[PDB]
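Novice: Next up is a structure, given as structure tokens.
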Amino acid sequence: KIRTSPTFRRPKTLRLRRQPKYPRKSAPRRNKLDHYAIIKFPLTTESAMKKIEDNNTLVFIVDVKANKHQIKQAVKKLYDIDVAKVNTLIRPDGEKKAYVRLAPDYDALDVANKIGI
Amino acid sequence: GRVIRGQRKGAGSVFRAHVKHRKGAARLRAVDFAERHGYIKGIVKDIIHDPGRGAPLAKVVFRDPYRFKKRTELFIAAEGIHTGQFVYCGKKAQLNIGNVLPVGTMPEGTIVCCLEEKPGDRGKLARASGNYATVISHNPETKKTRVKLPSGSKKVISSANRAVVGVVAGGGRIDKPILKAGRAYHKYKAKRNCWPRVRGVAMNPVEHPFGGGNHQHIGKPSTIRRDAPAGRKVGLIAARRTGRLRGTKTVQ
Amino acid sequence: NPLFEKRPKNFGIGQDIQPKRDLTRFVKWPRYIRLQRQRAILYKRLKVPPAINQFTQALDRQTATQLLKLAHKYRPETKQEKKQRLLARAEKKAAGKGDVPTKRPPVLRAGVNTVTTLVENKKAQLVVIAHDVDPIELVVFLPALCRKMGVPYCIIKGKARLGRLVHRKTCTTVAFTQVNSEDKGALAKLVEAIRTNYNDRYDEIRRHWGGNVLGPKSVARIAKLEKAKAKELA
Amino acid sequence: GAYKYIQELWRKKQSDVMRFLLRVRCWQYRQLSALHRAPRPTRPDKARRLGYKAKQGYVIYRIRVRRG
RNA sequence: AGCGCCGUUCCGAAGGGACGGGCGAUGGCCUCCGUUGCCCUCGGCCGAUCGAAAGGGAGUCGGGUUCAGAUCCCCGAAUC
RNA sequence: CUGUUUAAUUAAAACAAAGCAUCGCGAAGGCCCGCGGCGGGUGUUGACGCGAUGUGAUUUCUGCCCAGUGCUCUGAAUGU
RNA sequence: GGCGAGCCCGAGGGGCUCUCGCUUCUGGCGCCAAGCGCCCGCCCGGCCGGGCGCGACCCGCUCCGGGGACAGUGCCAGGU
Ligand SMILES: [Mg+2]
Ligand SMILES: [Mg+2]
Ligand SMILES: [Mg+2]
Ligand SMILES: [Mg+2]
Ligand SMILES: [Mg+2]
Ligand SMILES: [Mg+2]
Ligand SMILES: [Mg+2]
Ligand SMILES: [Mg+2]
Ligand SMILES: [Mg+2]
Ligand SMILES: [Mg+2]
Ligand SMILES: [Mg+2]
Ligand SMILES: [Mg+2]
Ligand SMILES: [Mg+2]
Ligand SMILES: [Mg+2]
Ligand SMILES: [Mg+2]
């Protein structure tokens, strides 16, 4: 063993992998933000209704802890329809407003009549 | 009363050095094997201007004899050096202007600059623009060397410390008057906030020991001893004499 | 033979770079490395008292090997064979209903309190004193006490080797008190050698001071000045 | 058997056999840190009469304060 | 005494990264590849981190749309 | 001379200014901050520099006094 | 170590007494070893891929220099 460098530093020791004897909370914390809690309210106002005909786009009110991917997955797992893109804004009352554009194969009027708006 | 202007320099609040635009500290190479048992060639790439310094900085690149890498250092540019001139450093380097070598190698009367107090502190003495030291009185036993400093003082130093041969470039900088307040403002703004220069008689009694009264008079003897407390040392500090000079120094 | 040229490199100043040397005496060692090294150098430089200069003046390795060969078969029992002897003697006495199956068990004593009690009561035939005890105050009273009580003591180097004959990390002291008939002559020869080495020279070691050895650079400097002084005289 | 000898050697702490060890230990402890752990007591008799017993749980710290 | 204070390289064992090679094990179509452990070798950080909605900072523009939006929405045409 | 100043009574003959000079300091240092550390500002600095002062461009001048108060130097030569 | 010098004895040689050296016209380049001597599994006296030493002298107890029983630190006492 010849130490050519004039600086002595730490040896690369064996860091032990964590293997605990017992779990710390007995159970995984369940997903509170699931598909029925992300997408809360469809918006049935005048401009949001006009977007259905003139935009091929549904309008929803979403909890603020969700993003575009979770809104897209929630729509595809609840309504079984394809999503082009989701534009999210924050409505100044405190909720998120999501504009979900659908596929050209689907009809926003038919999806709105099936969901009841 | 109120804290005087002389005590506020130690706070470091607004009296620091304007040090951002300065390119770096001008030091020599730290001492190693090649600078004590030989010499090594270095190439000066350019010379630049350090703000707050009238002396030019010299960017001399070296070669590392241990790992393959070109080391860039910052020397004080001596007078008459040019870009591309091979700067030589070490013990047995041949004496030319711009070559740094220990003072035991050079003969007496050699005009050098950027010398060292202790051997191995990368250059302390005689660093201002246009100043030099005079090397005299070598000693084989008890390795010491007398140097005449620019203040006229003769200091006995070691014989192993290094010094670049020549004078510092930029000599005669105090030949031109500043000639207006504007160039003084720009000069001191480049250096450091050292210019709130207000007369101590003109300022208040509660802020300076001299000022006040119906007339602008000092009132107290300005020669104030070295044993004075902080805030008392205004005007002449430990003045052994005053008035117009007679002779050169008359001090051994 | 076809091309196979030699490419020499010159390793001087101002040319091709230096090779990777050993660099042992120039690596920046950490705090505790420097502390133990200059601690050993500090014990080498400074004058030690004549009660702790007895250390490093110890027994040679041949007589220490003889002492270890004597002490190997007076080994105190560990936990495994201790429990084995307890359970085996209990089963033999429960089977045979015997009163006194064991006449005399020979076993050495360890520990500074036990050894000090045995030398104060003159039960110790021989004392083995370890060298590597870092508080020396735990040890410094034992040689004079063994001398004034007449029990021979031997200073030995390595407390780990003395702990491995008692199945422990540190042992610091070994008291030979009981000897067998096949070992009495060998212990008498060892006690004679140890009384020749230590107790007969106790008045010599107690007077001499240890240490006072300068560093080799300063020793070579004084030797160069002495050769210059001889050049001045001749 | 030994701790009375340890105590009586510690008492006259001006003598030449003790003051060398005291100077060496003061250098060794001054060149260490301010607050750290000693894995075993250096004064076993004084530690044991303050309450140290050689078992798992009792921890000796070495600590440095500034005089004046 | 102390909530704490000084300091930013000073008195620090202050890199958990990687090329190549060898050995061992696992997995996938054991053809051929991918991971994990060990060893050798390399590796100035001018020292964690923060600090600009005017500093540095890759790449979207034209038309139309509502009572309130616009380089964001629709159409068309591009780029990182 | 240009500039600055008493915001909410003064704009100046006041302050500042370049110039003239003086003193301390060769870094274990001068002038200072800090309750504290051989902690910090000057200092990424070294007498053409740093710090503290009087006067206030240019021309011509810098009279005489150490009695007093200061400042400084020296010899344990000598009182306290 | 002589491709070197030295002061003497002196026939080859001796080392009383000493110096280290292998970079000075050039705004070039210089790292991760060439060679040598050994040790292995392979082709019948052949070929592949590896390891050690010399190259790069040995030993030592402070990384190297400059101060050093002073400076400073803690307390007490007297000046200012
Ligand atoms: Mg002039
Ligand atoms: Mg002025
Ligand atoms: Mg003024
Ligand atoms: Mg006052
Ligand atoms: Mg323990
Ligand atoms: Mg940031
Ligand atoms: Mg608008
Ligand atoms: Mg547009
Ligand atoms: Mg007015
Ligand atoms: Mg004038
Ligand atoms: Mg200073
Ligand atoms: Mg006058
Ligand atoms: Mg007088
Ligand atoms: Mg030293
Ligand atoms: Mg000395």
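Identifiers for the structure tokens are assigned positionally: chains receive A, B, ... in sequence, residues are indexed from 1 per chain, and ligands are indexed from 1 in the order shown.
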If we count only C-alpha atoms (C1' of nucleotides), what is near residue 44 (chain D) at a cut-off of 10 Å, once residues fewer than 2 positions away on the same chain are taken out, given as a PDB file with N, CA and C atoms, in the first residue's frame?

Specialist:
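The result, stored in selection28.pdb:
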ATOM      1  N   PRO C 135      -3.150   4.789  31.862  1.00  0.00           N
ATOM      2  CA  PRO C 135      -2.865   5.450  33.143  1.00  0.00           C
ATOM      3  C   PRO C 135      -1.794   4.684  33.901  1.00  0.00           C
ATOM      4  N   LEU C 138      -2.046   3.526  37.823  1.00  0.00           N
ATOM      5  CA  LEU C 138      -2.594   2.243  38.242  1.00  0.00           C
ATOM      6  C   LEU C 138      -1.517   1.192  38.475  1.00  0.00           C
TER       7      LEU C 138
ATOM      8  N   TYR D   3      -7.033   0.836  45.165  1.00  0.00           N
ATOM      9  CA  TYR D   3      -7.564   2.189  45.041  1.00  0.00           C
ATOM     10  C   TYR D   3      -7.102   3.115  46.155  1.00  0.00           C
ATOM     11  N   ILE D   6      -3.979   4.293  44.697  1.00  0.00           N
ATOM     12  CA  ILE D   6      -4.278   5.270  43.648  1.00  0.00           C
ATOM     13  C   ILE D   6      -4.608   6.621  44.264  1.00  0.00           C
ATOM     14  N   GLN D   7      -5.402   6.614  45.339  1.00  0.00           N
ATOM     15  CA  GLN D   7      -5.766   7.843  46.029  1.00  0.00           C
ATOM     16  C   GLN D   7      -4.552   8.513  46.654  1.00  0.00           C
ATOM     17  N   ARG D  40     -13.190   5.398  28.800  1.00  0.00           N
ATOM     18  CA  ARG D  40     -12.924   4.804  30.101  1.00  0.00           C
ATOM     19  C   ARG D  40     -12.374   5.888  31.011  1.00  0.00           C
ATOM     20  N   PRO D  41     -12.636   5.817  32.315  1.00  0.00           N
ATOM     21  CA  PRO D  41     -12.166   6.873  33.215  1.00  0.00           C
ATOM     22  C   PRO D  41     -10.659   6.836  33.394  1.00  0.00           C
ATOM     23  N   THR D  42     -10.076   8.025  33.521  1.00  0.00           N
ATOM     24  CA  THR D  42      -8.651   8.149  33.790  1.00  0.00           C
ATOM     25  C   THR D  42      -8.334   8.177  35.275  1.00  0.00           C
ATOM     26  N   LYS D  46     -11.540   7.889  41.829  1.00  0.00           N
ATOM     27  CA  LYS D  46     -12.391   9.058  42.003  1.00  0.00           C
ATOM     28  C   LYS D  46     -13.699   8.898  41.242  1.00  0.00           C
ATOM     29  N   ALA D  47     -13.644   8.295  40.051  1.00  0.00           N
ATOM     30  CA  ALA D  47     -14.866   8.021  39.302  1.00  0.00           C
ATOM     31  C   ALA D  47     -15.742   7.004  40.023  1.00  0.00           C
ATOM     32  N   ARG D  48     -15.131   5.984  40.632  1.00  0.00           N
ATOM     33  CA  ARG D  48     -15.910   4.960  41.310  1.00  0.00           C
ATOM     34  C   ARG D  48     -16.486   5.472  42.624  1.00  0.00           C
ATOM     35  N   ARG D  49     -15.813   6.418  43.279  1.00  0.00           N
ATOM     36  CA  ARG D  49     -16.393   7.003  44.479  1.00  0.00           C
ATOM     37  C   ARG D  49     -17.360   8.138  44.180  1.00  0.00           C
ATOM     38  N   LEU D  50     -17.356   8.676  42.962  1.00  0.00           N
ATOM     39  CA  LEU D  50     -18.463   9.517  42.533  1.00  0.00           C
ATOM     40  C   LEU D  50     -19.634   8.714  41.986  1.00  0.00           C
ATOM     41  N   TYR D  52     -19.148   5.762  39.377  1.00  0.00           N
ATOM     42  CA  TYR D  52     -18.911   4.953  38.188  1.00  0.00           C
ATOM     43  C   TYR D  52     -18.791   3.483  38.565  1.00  0.00           C
ATOM     44  N   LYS D  53     -19.587   2.651  37.908  1.00  0.00           N
ATOM     45  CA  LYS D  53     -19.474   1.204  37.971  1.00  0.00           C
ATOM     46  C   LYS D  53     -19.274   0.693  36.554  1.00  0.00           C
ATOM     47  N   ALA D  54     -18.342  -0.243  36.387  1.00  0.00           N
ATOM     48  CA  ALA D  54     -17.958  -0.710  35.056  1.00  0.00           C
ATOM     49  C   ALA D  54     -19.046  -1.630  34.513  1.00  0.00           C
TER      50      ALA D  54
END

Novice: Would you mind listing the residues within 9 Å of ligand 8, counting only C-alpha atoms (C1' of nucleotides) and all ligand atoms, as a ChimeraX atom specification?

Specialist: /E:61-64,70-71

Novice: Enumerate as a list in words the residues within 9 Å of ligand 10, counting only C-alpha atoms (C1' of nucleotides) and all ligand atoms.

Specialist: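 Sorted by chain and then by number, the residues are residues 19, 20, 55, 56, 57 and 58 of chain F.
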
Novice: Can I get the residues close to ligand 4 as a PyMOL selection string, where close means within 8 Å and we count only C-alpha atoms (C1' of nucleotides) and all ligand atoms?

Specialist: chain B and resi 1+205-210

Novice: At a cut-off of 12 Å, using only C-alpha atoms (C1' of nucleotides), what residues contact residue 30 (chain G)? Leave out same-chain residues fewer than 5 positions from it and give the result as a ChimeraX atom specification.

Specialist: /B:63-70 /C:9-11,14-18

Novice: Grab me every residue within 12 Å of ligand 14, counting only C-alpha atoms (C1' of nucleotides) and all ligand atoms, and send it over as number ranges by chain.

Specialist: C: 215, 217-218; G: 62-68

Novice: Find the residues near ligand 5. Use a cut-off of 8 Å, count only C-alpha atoms (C1' of nucleotides) and all ligand atoms, and write them as a PyMOL selection string.

Specialist: chain D and resi 39-40+54-59

Novice: Output the contact residues of chain G with respect to chain B at a cut-off of 12 Å, based on only C-alpha atoms (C1' of nucleotides), as a PyMOL selection string.

Specialist: chain G and resi 20-27+30-32+64-67+79-80

Novice: Give me, please, the distance in Å between CA of residue 241 (chain B) and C1' of residue 72 (chain F), quoted to one decimal.

Specialist: 6.8 Å

Novice: So that I can check the secondary structure, give me every residue of chain D assigned alpha helix (DSSP H) by backbone DSSP, as a compact mmCIF listing (two decimals) with N, CA and C atoms, in the first residue's frame.

Specialist:
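Output file out_22.txt is given in full below:
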# COMPACT_ATOMS: atom_id res chain seq x y z
N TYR D 3 -7.03 0.84 45.17
CA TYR D 3 -7.56 2.19 45.04
C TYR D 3 -7.10 3.11 46.16
N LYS D 4 -6.72 2.58 47.31
CA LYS D 4 -6.10 3.43 48.33
C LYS D 4 -4.71 3.87 47.89
N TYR D 5 -3.97 3.01 47.19
CA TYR D 5 -2.71 3.43 46.60
C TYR D 5 -2.91 4.44 45.49
N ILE D 6 -3.98 4.29 44.70
CA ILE D 6 -4.28 5.27 43.65
C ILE D 6 -4.61 6.62 44.26
N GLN D 7 -5.40 6.61 45.34
CA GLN D 7 -5.77 7.84 46.03
C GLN D 7 -4.55 8.51 46.65
N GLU D 8 -3.71 7.74 47.34
CA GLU D 8 -2.57 8.32 48.03
C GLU D 8 -1.50 8.79 47.05
N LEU D 9 -1.44 8.18 45.86
CA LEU D 9 -0.57 8.70 44.82
C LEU D 9 -1.17 9.95 44.19
N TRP D 10 -2.50 10.06 44.16
CA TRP D 10 -3.11 11.24 43.57
C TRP D 10 -3.07 12.44 44.51
N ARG D 11 -3.05 12.20 45.83
CA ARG D 11 -3.15 13.27 46.83
C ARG D 11 -2.00 14.26 46.72
N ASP D 16 7.26 14.70 41.64
CA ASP D 16 7.84 14.60 40.31
C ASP D 16 7.28 13.43 39.51
N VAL D 17 6.84 12.37 40.19
CA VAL D 17 6.26 11.24 39.48
C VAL D 17 4.88 11.58 38.95
N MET D 18 4.18 12.53 39.57
CA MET D 18 2.84 12.88 39.13
C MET D 18 2.82 14.06 38.18
N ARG D 19 3.69 15.06 38.38
CA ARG D 19 3.59 16.29 37.60
C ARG D 19 3.98 16.10 36.14
N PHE D 20 4.84 15.12 35.83
CA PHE D 20 5.12 14.79 34.44
C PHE D 20 3.88 14.25 33.75
N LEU D 21 3.21 13.27 34.39
CA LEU D 21 1.99 12.70 33.84
C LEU D 21 0.88 13.74 33.74
N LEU D 22 0.83 14.67 34.70
CA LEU D 22 -0.14 15.75 34.65
C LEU D 22 0.13 16.69 33.49
N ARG D 23 1.40 17.02 33.23
CA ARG D 23 1.73 17.89 32.10
C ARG D 23 1.44 17.21 30.76
N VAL D 24 1.75 15.91 30.66
CA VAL D 24 1.47 15.16 29.44
C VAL D 24 -0.04 15.06 29.19
N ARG D 25 -0.82 14.80 30.25
CA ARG D 25 -2.27 14.73 30.09
C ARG D 25 -2.88 16.09 29.80
N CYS D 26 -2.33 17.17 30.36
CA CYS D 26 -2.83 18.50 30.05
C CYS D 26 -2.55 18.89 28.60
N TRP D 27 -1.38 18.54 28.07
CA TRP D 27 -1.11 18.76 26.65
C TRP D 27 -2.04 17.93 25.78
N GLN D 28 -2.23 16.65 26.14
CA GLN D 28 -3.08 15.74 25.37
C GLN D 28 -4.54 16.19 25.38
N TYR D 29 -5.00 16.76 26.48
CA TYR D 29 -6.40 17.15 26.58
C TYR D 29 -6.63 18.54 26.02
N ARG D 30 -5.60 19.39 26.05
CA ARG D 30 -5.71 20.71 25.44
C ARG D 30 -5.70 20.62 23.92
N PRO D 44 -9.86 6.09 38.05
CA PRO D 44 -10.84 5.06 38.38
C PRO D 44 -11.34 5.13 39.81
N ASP D 45 -10.48 5.47 40.78
CA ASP D 45 -10.91 5.55 42.17
C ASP D 45 -11.86 6.72 42.39
N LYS D 46 -11.54 7.89 41.83
CA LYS D 46 -12.39 9.06 42.00
C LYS D 46 -13.70 8.90 41.24
N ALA D 47 -13.64 8.29 40.05
CA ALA D 47 -14.87 8.02 39.30
C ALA D 47 -15.74 7.00 40.02
N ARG D 48 -15.13 5.98 40.63
CA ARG D 48 -15.91 4.96 41.31
C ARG D 48 -16.49 5.47 42.62
N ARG D 49 -15.81 6.42 43.28
CA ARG D 49 -16.39 7.00 44.48
C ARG D 49 -17.36 8.14 44.18
N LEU D 50 -17.36 8.68 42.96
CA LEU D 50 -18.46 9.52 42.53
C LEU D 50 -19.63 8.71 41.99

Novice: For the interface of chain C with chain A (cut-off 6 Å, counting only C-alpha atoms), please tabulate each contacting residue of chain C alongside its nearest pair of atoms and their separation in Å to one decimal, rows sorted by chain and increasing number, as a tab-separated table.

Specialist:
residue	atom	partner	partner_atom	distance
C:20	CA	A:4	CA	5.8
C:22	CA	A:4	CA	5.7
C:23	CA	A:4	CA	5.5
C:27	CA	A:6	CA	3.9
C:28	CA	A:7	CA	5.6

Novice: Output N, CA and C atoms of each residue in that selection to a file, as a PDB file, in the first residue's frame.

Specialist:
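See part_24.pdb below for the written result:
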ATOM      1  N   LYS C  20       4.936   9.183  -9.200  1.00  0.00           N
ATOM      2  CA  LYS C  20       4.258   9.046  -7.917  1.00  0.00           C
ATOM      3  C   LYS C  20       5.175   8.329  -6.934  1.00  0.00           C
ATOM      4  N   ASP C  22       6.513   7.655  -2.707  1.00  0.00           N
ATOM      5  CA  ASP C  22       5.860   7.008  -1.574  1.00  0.00           C
ATOM      6  C   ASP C  22       4.957   7.978  -0.815  1.00  0.00           C
ATOM      7  N   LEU C  23       5.450   9.200  -0.563  1.00  0.00           N
ATOM      8  CA  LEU C  23       4.712  10.300   0.080  1.00  0.00           C
ATOM      9  C   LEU C  23       4.172   9.921   1.458  1.00  0.00           C
ATOM     10  N   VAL C  27       2.006  13.238   3.919  1.00  0.00           N
ATOM     11  CA  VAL C  27       0.553  13.267   3.835  1.00  0.00           C
ATOM     12  C   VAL C  27       0.007  13.905   5.107  1.00  0.00           C
ATOM     13  N   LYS C  28      -0.992  14.773   4.950  1.00  0.00           N
ATOM     14  CA  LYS C  28      -1.572  15.506   6.073  1.00  0.00           C
ATOM     15  C   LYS C  28      -2.396  14.551   6.921  1.00  0.00           C
TER      16      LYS C  28
END

Novice: Residues at most 10 Å from ligand 1, using only C-alpha atoms (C1' of nucleotides) and all ligand atoms? Could they come as a PDB file with C-alpha atoms (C1' of nucleotides), in the first residue's frame?

Specialist:
ATOM      1  CA  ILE B 174       1.918  61.036  -7.741  1.00  0.00           C
ATOM      2  CA  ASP B 175       3.545  63.343 -10.284  1.00  0.00           C
ATOM      3  CA  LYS B 176       0.233  64.562 -11.608  1.00  0.00           C
ATOM      4  CA  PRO B 177      -2.072  66.500  -9.284  1.00  0.00           C
TER       5      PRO B 177
ATOM      6  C1'   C F  20       0.305  73.088   0.590  1.00  0.00           C
TER       7        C F  20
END

Novice: Set the distance at 10 Å and use only C-alpha atoms (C1' of nucleotides): which residues neighbour residue 73 (chain E) once local chain neighbours fewer than 6 positions away are removed? I'd like the list as a PyMOL selection string.

Specialist: (chain A and resi 51+55+87+99) or (chain E and resi 65)

Novice: Taking only C-alpha atoms (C1' of nucleotides) and all ligand atoms into account, report as a list in words which residues have an atom no farther than 12 Å from an atom of ligand 2.

Specialist: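 Answer in the requested format: residues 181, 184, 194, 195, 196, 197, 198, 199 and 200 of chain B; 16, 17, 18, 19, 20, 21, 22, 52, 53, 54, 55 and 56 of chain F.
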
Novice: Please write out the residues within 12 Å of ligand 6 as a ChimeraX atom specification, counting only C-alpha atoms (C1' of nucleotides) and all ligand atoms.

Specialist: /E:49-52

Novice: Could you list, as number ranges by chain, all the residues within 12 Å of ligand 7, counting only C-alpha atoms (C1' of nucleotides) and all ligand atoms?

Specialist: E: 66, 68-70

Novice: Please return as JSON, numbers by chain: the residues of chain C that backbone DSSP assigns to strand (DSSP E).

Specialist: {"C": [109, 110, 126, 127, 128, 129, 130, 153, 154, 155, 156, 173, 174, 175, 176]}

Novice: Could you turn the residues from that selection into a file that holds N, CA, C and O atoms, as a PDB file, in the first residue's frame?

Specialist:
ATOM      1  N   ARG C 109      -4.383 -15.844  39.622  1.00  0.00           N
ATOM      2  CA  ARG C 109      -5.248 -14.721  39.948  1.00  0.00           C
ATOM      3  C   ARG C 109      -4.929 -13.542  39.042  1.00  0.00           C
ATOM      4  O   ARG C 109      -3.770 -13.322  38.679  1.00  0.00           O
ATOM      5  N   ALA C 110      -5.961 -12.784  38.685  1.00  0.00           N
ATOM      6  CA  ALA C 110      -5.817 -11.602  37.852  1.00  0.00           C
ATOM      7  C   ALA C 110      -6.447 -10.402  38.544  1.00  0.00           C
ATOM      8  O   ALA C 110      -7.199 -10.539  39.513  1.00  0.00           O
ATOM      9  N   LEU C 126       4.914 -15.215  42.174  1.00  0.00           N
ATOM     10  CA  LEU C 126       5.465 -14.480  41.041  1.00  0.00           C
ATOM     11  C   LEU C 126       4.418 -13.491  40.547  1.00  0.00           C
ATOM     12  O   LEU C 126       3.220 -13.778  40.568  1.00  0.00           O
ATOM     13  N   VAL C 127       4.876 -12.320  40.104  1.00  0.00           N
ATOM     14  CA  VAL C 127       3.994 -11.261  39.624  1.00  0.00           C
ATOM     15  C   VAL C 127       4.386 -10.916  38.192  1.00  0.00           C
ATOM     16  O   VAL C 127       5.571 -10.723  37.899  1.00  0.00           O
ATOM     17  N   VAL C 128       3.397 -10.862  37.304  1.00  0.00           N
ATOM     18  CA  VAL C 128       3.576 -10.450  35.916  1.00  0.00           C
ATOM     19  C   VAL C 128       2.838  -9.132  35.733  1.00  0.00           C
ATOM     20  O   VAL C 128       1.615  -9.071  35.922  1.00  0.00           O
ATOM     21  N   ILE C 129       3.577  -8.087  35.361  1.00  0.00           N
ATOM     22  CA  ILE C 129       3.071  -6.721  35.278  1.00  0.00           C
ATOM     23  C   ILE C 129       3.084  -6.288  33.817  1.00  0.00           C
ATOM     24  O   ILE C 129       4.140  -6.286  33.175  1.00  0.00           O
ATOM     25  N   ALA C 130       1.923  -5.884  33.305  1.00  0.00           N
ATOM     26  CA  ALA C 130       1.813  -5.479  31.912  1.00  0.00           C
ATOM     27  C   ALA C 130       2.442  -4.102  31.690  1.00  0.00           C
ATOM     28  O   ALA C 130       2.634  -3.312  32.619  1.00  0.00           O
ATOM     29  N   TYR C 153       8.759  -9.663  40.648  1.00  0.00           N
ATOM     30  CA  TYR C 153       7.885  -9.107  39.626  1.00  0.00           C
ATOM     31  C   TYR C 153       8.646  -9.009  38.313  1.00  0.00           C
ATOM     32  O   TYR C 153       9.842  -8.705  38.300  1.00  0.00           O
ATOM     33  N   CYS C 154       7.945  -9.245  37.209  1.00  0.00           N
ATOM     34  CA  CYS C 154       8.524  -9.126  35.879  1.00  0.00           C
ATOM     35  C   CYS C 154       7.635  -8.242  35.017  1.00  0.00           C
ATOM     36  O   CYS C 154       6.424  -8.465  34.929  1.00  0.00           O
ATOM     37  N   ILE C 155       8.238  -7.227  34.409  1.00  0.00           N
ATOM     38  CA  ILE C 155       7.536  -6.320  33.510  1.00  0.00           C
ATOM     39  C   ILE C 155       7.544  -6.930  32.117  1.00  0.00           C
ATOM     40  O   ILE C 155       8.595  -7.346  31.616  1.00  0.00           O
ATOM     41  N   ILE C 156       6.374  -6.990  31.494  1.00  0.00           N
ATOM     42  CA  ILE C 156       6.198  -7.645  30.208  1.00  0.00           C
ATOM     43  C   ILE C 156       5.526  -6.654  29.263  1.00  0.00           C
ATOM     44  O   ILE C 156       4.842  -5.720  29.697  1.00  0.00           O
ATOM     45  N   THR C 173      -2.236  -7.695  35.103  1.00  0.00           N
ATOM     46  CA  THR C 173      -1.562  -8.314  36.243  1.00  0.00           C
ATOM     47  C   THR C 173      -1.862  -9.804  36.243  1.00  0.00           C
ATOM     48  O   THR C 173      -3.006 -10.209  36.025  1.00  0.00           O
ATOM     49  N   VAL C 174      -0.837 -10.612  36.501  1.00  0.00           N
ATOM     50  CA  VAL C 174      -0.994 -12.058  36.664  1.00  0.00           C
ATOM     51  C   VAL C 174      -0.222 -12.489  37.904  1.00  0.00           C
ATOM     52  O   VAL C 174       0.975 -12.206  38.021  1.00  0.00           O
ATOM     53  N   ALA C 175      -0.899 -13.167  38.830  1.00  0.00           N
ATOM     54  CA  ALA C 175      -0.286 -13.632  40.070  1.00  0.00           C
ATOM     55  C   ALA C 175      -0.148 -15.150  40.036  1.00  0.00           C
ATOM     56  O   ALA C 175      -1.151 -15.870  40.020  1.00  0.00           O
ATOM     57  N   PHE C 176       1.093 -15.632  40.026  1.00  0.00           N
ATOM     58  CA  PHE C 176       1.392 -17.038  40.271  1.00  0.00           C
ATOM     59  C   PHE C 176       1.480 -17.233  41.777  1.00  0.00           C
ATOM     60  O   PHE C 176       2.345 -16.640  42.432  1.00  0.00           O
TER      61      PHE C 176
END

Novice: Could you pull out the residues sitting within 12 Å of ligand 13, using only C-alpha atoms (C1' of nucleotides) and all ligand atoms, and write them as a list in words?

Specialist: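 Written in the requested form, the residues are residues 66, 67, 68, 70 and 72 of chain F.
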
Novice: Could you turn the residues from that selection into a file that holds C-alpha atoms (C1' of nucleotides), as a PDB file, in the first residue's frame?

Specialist:
ATOM      1  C1'   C F  66       9.941  75.876  24.358  1.00  0.00           C
ATOM      2  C1'   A F  67       8.833  81.107  29.875  1.00  0.00           C
ATOM      3  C1'   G F  68       3.740  77.970  30.497  1.00  0.00           C
ATOM      4  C1'   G F  70       1.301  69.495  25.615  1.00  0.00           C
ATOM      5  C1'   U F  72       8.746  62.979  22.168  1.00  0.00           C
TER       6        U F  72
END
